[PDB]
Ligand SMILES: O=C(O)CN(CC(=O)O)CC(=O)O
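Quick heads-up: it's one chain on its own, the form solved without the named molecule, in structure tokens.
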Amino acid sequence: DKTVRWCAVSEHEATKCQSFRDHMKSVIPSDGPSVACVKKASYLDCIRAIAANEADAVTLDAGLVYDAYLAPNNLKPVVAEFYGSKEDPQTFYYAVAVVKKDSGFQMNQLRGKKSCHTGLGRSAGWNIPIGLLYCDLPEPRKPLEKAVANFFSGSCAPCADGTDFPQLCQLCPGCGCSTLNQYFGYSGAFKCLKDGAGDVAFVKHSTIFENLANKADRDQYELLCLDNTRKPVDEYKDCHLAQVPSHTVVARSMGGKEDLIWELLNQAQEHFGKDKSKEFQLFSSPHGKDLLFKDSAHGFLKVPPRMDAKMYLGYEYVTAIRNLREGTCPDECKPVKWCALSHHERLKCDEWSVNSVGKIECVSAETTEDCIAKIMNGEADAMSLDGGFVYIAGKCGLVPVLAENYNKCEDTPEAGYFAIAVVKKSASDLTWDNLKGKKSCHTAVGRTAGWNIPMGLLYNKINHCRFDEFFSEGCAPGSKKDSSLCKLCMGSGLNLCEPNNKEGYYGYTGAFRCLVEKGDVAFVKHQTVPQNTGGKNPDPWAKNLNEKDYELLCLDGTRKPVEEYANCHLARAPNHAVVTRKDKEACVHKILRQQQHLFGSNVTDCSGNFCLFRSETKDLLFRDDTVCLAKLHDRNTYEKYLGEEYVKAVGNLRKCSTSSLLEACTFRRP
């Protein structure tokens, strides 16, 4: 049978669960999911139980979601509770540090300030902040209450041991652990700040808005960002300590019933959810309060499948709660863990590693998205991306550091490549203005030159991104294998239409090969045709060609030889870039520039010697067209770097794209 064993942690909870089971039997057909009710002693027991394969699901607070993630439990989030609006789910909240305007300090300057806490042991008001500040705490850090009283000059920490550590109760003597204390709770801690008792108050993103009606008043207040800037209170989503999931159903990583769990809970909310007016409410029980699910919930969203536990909690959270749980502190820039896609990339990376003598290390992952995810959650530090991946890496909170440069260095804005529409000279009927029902070749989908620029522009002409209806057939590696845009792809087995090496029509060169062999139009960079014509490319497919046989398509409507790319382009392309985490801009920016003048475009004969912009077999780690790694100056946002023109386009293209890492990242940041 298709049963979901639900874990209760109390007698009251089991009773509800039983009702849940029973009422489900009225509504669900026997060709549908069941509830079995498993009572355990605690949330930890439940976690073990699921891991043990004695239960299937339980709903956890964020701290516990973390514990469940850890081996030997290896549970993951599968369904999220949402609150209030359907349009706007209240899935996550943000822990913020709120300060007075012009109080004149940053996150890294909190030592000897007056802090306001919502209460000891609360996440937003304690666990998170103190978790992040853990390594700044004076030794010994046990007891933690002591080391915190020795950090801040004085504070209000409700439920703190004021008897032993008076500096914790200095703003609220006795440390009222109830609402008799004025400085207790969400509104409480915020009051502590407003009443000018404390310099900073650790609260939810929403506390500030619930305790100050008029915008005029809210302008007196800023947020401390972790990058040690401040920001208005309205920009809590870019300036927070952590992003915390409210209530999460969790399953086994592999062999869970994610699918079945969702099916059950979905049908469940359908018939018994908010205002379904039945005898059984899913978010209410006469037995108690918050049984199985928060009573305040409005329903469930399915957690996107790409989402592991670490990615769901976020880097900040994991960091803080890890420090709390482990309690391990270490200095300048350690090794930079670089992310390698392939076995051949890994090989080039091992060379780079041992040459810097430890100053570079190599983590490797299967796909690019696998690599981004590793940078995100700090298993890896940096890698080089296409502009279209930079977009994604950005939407996931990674930032660009250094652009790859092709032209002759260090300081150069622009310097980007050209998106070009390459045709065969002979068919003179082809124009940019009328490419409908033509065969087409893309580098991959979601790539700058191959997809983002060309299809971006083309969208402004058809007003949809369903391009496999516009073009007759084509090859656009990374499409749905059943799409007409996988018809031309030359990949064999499960490699057909796959955006990797094992698809011959993948990338700049591959899309051109496609054009040559099968397509009517290829979307590639300007440098592509020259490099793979006139005997330069020694492969049979490319050997005996010459660029005179090929032409570009210009926006106005005309054509021009492969040389007039100067003004026969589609648009200028955001250069390929190096992405990392906000908290590594400094580290990466430094160690790379230093690894550049050692092994860059100022030592030749890259045989026995090491070069950074040389590859054994095609562009490994960095392109081969690369000469130097540029400073970005202002442009270290994925918006600022790509430009709003690129972004507006990719925004439109998103309506159709299939990226699962993007899907997960925009679950947290809609």
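Numbering starts at 1 and runs along the sequence shown. Between two forms, the rigid core is defined as the largest C-alpha subset superposing within 1.5 Å.
Keep in mind that the form deposited with the named molecule bound is missing from the display, and what follows is about it.
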**Report entry** The unique member of 346, 334, 294, 559 whose heavy atoms fall within 4.5 Å of the named molecule in the bound PDB entry
**Finding:** 294
Report task. Identify which of 204, 584, 252, 114 has a heavy atom within 4.5 Å of the named molecule in the bound PDB entry; exactly one of them does. Result -> 204
Query raised in the report: Heavy atom to heavy atom, is residue 122 within 4.5 Å of the named molecule in the bound PDB entry?
Result: yes
**Report entry** in the bound PDB entry, residue 315 touching the named molecule (heavy atom, 4.5 Å)
**Finding:** no
Requested in this report: Using the partner position in the bound PDB entry, report whether residue 470 sits within 4.5 Å of the named molecule, counting heavy atoms only.
Outcome: no
**Report entry** Proximity of residue 45 to the named molecule in the bound PDB entry, heavy atoms at 4.5 Å
**Finding:** no
Query raised in the report: Does the trio 61, 93 and 186 actually contact the named molecule in the bound PDB entry, every residue with a heavy atom within 4.5 Å?
Result: yes
Query raised in the report: Using a 4.5 Å heavy atom cut-off, which stretch among 122-130, 252-260, 369-377, 539-547 contacts the named molecule in the bound PDB entry?
Result: 122-130
Query - Residue showing a 2 Å-or-more C-alpha displacement between this form and the one not shown once the rigid core is overlaid, selected from 319, 91, 532, 384 - result: 532
Requested in this report: Examine residue 415 after superposing the rigid core and state whether its CA is displaced by 2 Å or more between this form and the one not shown.
Outcome: yes
Query raised in the report: Would you say residue 243 moves between this form and the one not shown, meaning its CA shifts by 2 Å or more once the core is fitted?
Result: no
Query raised in the report: Does residue 304 show a Cα shift reaching 2 Å between this form and the one not shown after rigid-core superposition?
Result: no
Query raised in the report: How does the C-alpha distance between residue 415 and residue 603 change in the bound PDB entry compared with the present structure, closer or farther, given a change of 3 angstroms or more?
Result: farther
Query - Residue pair residue 346, residue 502 - Cα distance in the bound PDB entry, closer or farther (3 Å or more) - result: closer
